[PDB]
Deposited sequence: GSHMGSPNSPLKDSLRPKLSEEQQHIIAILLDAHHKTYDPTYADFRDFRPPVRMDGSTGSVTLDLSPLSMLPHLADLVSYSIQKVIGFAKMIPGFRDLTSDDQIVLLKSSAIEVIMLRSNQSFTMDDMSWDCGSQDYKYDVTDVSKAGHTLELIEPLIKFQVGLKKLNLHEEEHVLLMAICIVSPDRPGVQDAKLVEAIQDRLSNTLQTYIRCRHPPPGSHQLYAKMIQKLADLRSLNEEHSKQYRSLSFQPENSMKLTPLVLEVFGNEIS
């Protein structure tokens, strides 16, 4: 009999709140960003959107149970490698399958494939990105599952640069066991059908998206003209 322990429920409650503290479904701060233009017209706005979102991802990470027991070097490598992944993941909350667009409250803040290519991406990234968003949206995760997946994503032991892989593995294990156990006790059939394995597969899709993302970033980078238009958090994190 798999039972959701007190500790597992506490874990879930923390990550929910950590998400509520770091994802503003008003999208109010978006007026602060350089404005969108619709020749790489979107790059300044989307650089800013991503920069902001790295900050939120860092705030969420810090609240992951056991994350503050890592060395600050391990914390750093885990965010550098996961950031873009966690952003694609969290963005699922604003993605809508009507338009296959990310809809953040108004026409200005509604982002479709033309906008993404207007930041220098080809169908190399965009096509598997949209398929990823679609497949994730079709899982209909409970919010509990969404937040566990983000956290499992951040605390991955195999990330390049990881020093104490054993500790990272032990923290992620407690999160995966919490997720596996939650699906069992709380996700009804038939939605729950191989839901864990489907979730893990999304993490593999995100690794492949990460790789492609690195390529396109490294390419965009080698022109200082473009790199100039980014933020310093983005340069630090993706450089």
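K.L.:
Can you give me the gaps, meaning deposited-sequence stretches with no C-alpha coordinates, in sequence order?
P.N.:
1-15, 54-66, 268-271 are the stretches of the deposited chain that have no C-alpha coordinates in the structure.
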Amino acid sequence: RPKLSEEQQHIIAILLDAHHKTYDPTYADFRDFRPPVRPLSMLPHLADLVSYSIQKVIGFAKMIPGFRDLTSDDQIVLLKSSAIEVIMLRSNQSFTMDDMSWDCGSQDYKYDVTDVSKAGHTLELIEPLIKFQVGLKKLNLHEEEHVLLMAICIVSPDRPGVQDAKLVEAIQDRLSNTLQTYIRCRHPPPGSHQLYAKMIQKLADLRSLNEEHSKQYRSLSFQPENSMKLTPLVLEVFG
From here on, numbers count along this sequence of modelled residues.
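What we label the rigid core is the largest C-alpha set whose atoms superpose within 1.5 Å from one form to the other.
K.L.:
Rigid core superposed, root mean square over structures and residues, which stretch has C-alphas farther from this form in 9 other deposited structures of this protein, 45-53 or 209-217?
P.N.:
When 45-53 and 209-217 are compared in 9 other deposited structures of this protein, the bigger C-alpha shift is seen for 209-217.
K.L.:
Rigid core superposed, root mean square over structures and residues, which stretch has C-alphas farther from this form in 9 other deposited structures of this protein, 143-151 or 114-122?
P.N.:
This comes out as 114-122, the stretch further from the shown form in 9 other deposited structures of this protein.
K.L.:
Averaged over C-alpha atoms, is the B-factor higher for 106-114 or for 146-154 in this PDB entry?
P.N.:
It is 106-114 that shows the higher mean C-alpha B-factor.
K.L.:
Give the stretch, out of 123-131 and 79-87, with the larger mean C-alpha temperature factor in the deposited entry.
P.N.:
The deposited B-factors put 123-131 ahead on the C-alpha mean.
K.L.:
Report the option among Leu70, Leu209, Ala47, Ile58 whose CA atom has the maximum B-factor in the deposited record.
P.N.:
Of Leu70, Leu209, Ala47, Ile58, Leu70 has the highest C-alpha B-factor.
K.L.:
Could you say whether, by C-alpha temperature factor, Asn226 belongs to the lowest, middle or highest third of its chain?
P.N.:
According to the entry, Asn226 has a C-alpha B-factor in the chain's middle third.
K.L.:
Based on the deposited C-alpha B factors for this chain, I'd like to know if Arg218 is in the lowest, middle or highest third.
P.N.:
CA B-factor rank for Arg218: highest third.
K.L.:
Ordered by C-alpha B-factor within the chain, which third holds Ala197? Give me lowest, middle or highest, please.
P.N.:
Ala197: CA B-factor falls in the middle third of its chain.
K.L.:
Would you check the entry's CA temperature factor for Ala170 and let me know if it's in the chain's lowest, middle or highest third?
P.N.:
CA B-factor rank for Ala170: middle third.
K.L.:
Is the Cα B-factor recorded for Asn177 in the lowest, middle or highest third of its chain?
P.N.:
It falls in the top third of the chain.
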